[PDB]
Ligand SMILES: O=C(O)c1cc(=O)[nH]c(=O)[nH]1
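In structure tokens, one chain follows: the form solved without this ligand.
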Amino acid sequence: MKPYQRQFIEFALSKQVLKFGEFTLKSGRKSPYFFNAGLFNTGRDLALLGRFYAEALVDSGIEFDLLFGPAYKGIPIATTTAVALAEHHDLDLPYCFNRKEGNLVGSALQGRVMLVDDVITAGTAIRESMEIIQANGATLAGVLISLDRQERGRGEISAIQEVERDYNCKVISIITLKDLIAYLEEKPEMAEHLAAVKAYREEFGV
């Protein structure tokens, strides 16, 4: 994996954003790991989070004109990613976000939009933000999230896979389940988690 991906995992771990154990997801699924970006709640967390998102964004090579952050979770993320791009990548990009109720804040919603969010659970918000992006004649360049759980949804494919299908766009993620596994495989003391995770992947993966 890329250094920034490894750093993200270790940073998420230190902040208890990523926890290895046994947790019950809101789907009855017993997962051996939990991710909650909502725990990145201080200035330094935000600063670094913004750096990681910016890294994944620029590394993807996807062309976009503005960053859109869905209310409410997407707002601080879009904000920090925007400042990170400006300060560490010399890219001054327009940002925008909506009011849940004009219901828009920031620059004019125009061009190729890069939607920024934490995670795609059911795709609901994505589908909602999309009605807005389309309503303004803007197009979806891609979606940028923290972690791609790479696990089946209610059907055959995963939520990320549904979003990409329905919108002919790419979903970029800082890390995926494969990255977590690769990381665990290096930590001997994590053997139990590695077994649990790999087991979980076999049952609900891709």
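In case it trips you up, residue 1 is the first one in the sequence shown, and so on.
The following text describes the form deposited with this ligand bound, which does not appear among the structures shown.
Enquirer: Looking at 102 to 110, 132 to 140, 88 to 96, 118 to 126, which stretch has residues with any non-hydrogen atom within 4.5 Å of this ligand in the bound PDB entry?
Expert: One stretch meets the cut-off, namely 118 to 126.
Enquirer: Which one of 52, 64, 167, 35 is close to this ligand in the bound PDB entry, taking close to mean a heavy atom within 4.5 Å?
Expert: Of the listed residues, the single hit is 35.
Enquirer: Between the options 190, 13, 25, 182, which residue brings a heavy atom to within 4.5 Å of this ligand in the bound PDB entry?
Expert: Contact with this ligand in the bound PDB entry is made by 25 alone.
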